[PDB]
């Protein structure tokens, strides 16, 4: 999966923004089939990968089949972190998306709801100084989403590697 379109998108983002750093522990949301995971596995010390769908095992990657919107997500991540001896992760990254309709407003709406839940997970588990990378389909809610969530971070960036964008938040502050 090292050669997938999704993998190339992540390589581009790491080159430009260093959003994940060598030795980081990462919660990866929307991991299947594993392009980002394989790119991250070259750099991260530990990845906890989450998806609705099965994907092939990768040595040392902790995979959790889970719907992030449902009731077990926090217990599942808590257990995985406990077993890894990690209190707070360095990054939360998400390429999660549901089925695409081809309609910018609809795809934005679905993507926004995913983004909200990704951020709820991020603020729960990120270390001070940690980063977020998340895919979003741009729309009405995007500027307000950024304005709200960037209050918990030192800075943010938006990138486009045709309404799909990647939002990055840098340097988490629990304060």
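Positions refer to the first chain, counted from 1.
- As listed in the deposited structure, the average C-alpha B-factor of 53-61 and of 121-129 is greater for 53-61.
- Just going by the entry, 36-44 versus 22-30 on mean CA temperature factor gives the higher value to 36-44.
- For the set 76, 90, 95, 71, the PDB entry puts the maximum C-alpha B factor at 71.
- Per the PDB record, residue ranking by Cα B-factor puts residue 148 in the highest third of the chain.
- Sorting the modelled residues of the chain by their CA temperature factor places residue 8 in the highest third.
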